């Protein structure tokens, strides 16, 4: 019968929408650390995932990614290997180890959306805009003190998040929530339901120098009251940097069996 890593199944397996991991990623990030209501954050954490050592720590993350499979084949089709993304990250712990929970994420390409659900990452579809550094001319900012970088998310035609970073300095200190394991819930609707708590296993994590400065972040109505509960109480530092990793698969944290 037909086969494949994913649908659609086909006689040779080549038609599958997704390729088996590992996948490599190289991206550009614009990120704002912020303070969330810890009581609201707790309600997005499933059983086994406990409040951060700093329960109020969150982040809003804009990124643009290029990705490919182990053979690098997607790289020659920039239309197939690129996507933009906006995510929320919440600080948490599993058995005393710091992690990040991603309660919400939006992307602008279908393959990364479906591949997100594969790993338990709750990706939906949206329109994501992000400033890029320039090195010539005047139409933009440089990676240098005073440089400003903006991000915006619209979902279903409504502008729901805007963020800005004005950088002051370069550091080798990665933003905390972008240098911990991500703990997701693997679950898929039952058509004819055993959620599992899992962590994504990554290797070869690499950061450019991090440009950091002041952050600004605003949420707007249009995603519902549940999302609104994660709006910033206060906004902290912003970071602009490049990031790479190899994403290998999942490790089971808990299947909630007894």
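Numbering follows the first chain given and starts at 1.
Undergrad: Could you tell me whether residue 193 lacks coordinates in at least a third of the other compared entries whose models cover its neighbours on both sides?
TA: Residue 193: unmodelled in a third or more of the comparison entries.
Undergrad: Does the chain run continuously from residue 192 to residue 193, or are deposited residues unmodelled in between? Answer none, 1 to 3, 4 to 9, or 10 or more.
TA: 4 to 9 residues are missing.
Undergrad: Looking only at CA atoms, which has the higher mean B factor in the entry: 224-232 or 23-31?
TA: Mean B over CA atoms: larger for 224-232.
Undergrad: Which has higher Cα B-factors on average according to the PDB entry: 112-120 or 177-185?
TA: Between 112-120 and 177-185, it is 177-185 that shows the higher mean C-alpha B-factor.
Undergrad: Between 45, 68, 57, 63, which one tops the list for C-alpha B-factor in the PDB entry?
TA: In the PDB entry, the greatest C-alpha B-factor among 45, 68, 57, 63 is found at 57.
Undergrad: Choose from 76, 171, 82, 154 the residue with the greatest Cα B-factor as stated in the PDB record.
TA: 171 has the highest C-alpha B-factor of those listed.
Undergrad: Taking the values exactly as deposited, rank residue 13 by C-alpha B-factor within its chain and report the matching third: lowest, middle or highest.
TA: Bottom third by C-alpha B-factor.
Undergrad: Against its chain's modelled residues, does residue 149's Cα B factor rank lowest, middle or highest third?
TA: It belongs to the middle third of the chain when residues are ordered by C-alpha B-factor.
Undergrad: For residue 130, return the chain-relative third of its C-alpha B-factor as stated in the PDB record: lowest, middle or highest.
TA: For residue 130, whose C-alpha B-factor we compare with every modelled residue in the chain, the answer is the lowest third.
Undergrad: Based on the entry's values, in what third of the chain does the Cα temperature factor of residue 103 lie: lowest, middle or highest?
TA: For residue 103, the deposited C-alpha B-factor lands in the lowest third.
Undergrad: Within this chain's modelled residues, let me know which third the CA B factor of residue 139 belongs to: lowest, middle or highest.
TA: Within its chain, residue 139 is a middle-third residue by C-alpha B-factor, going by the deposited values.
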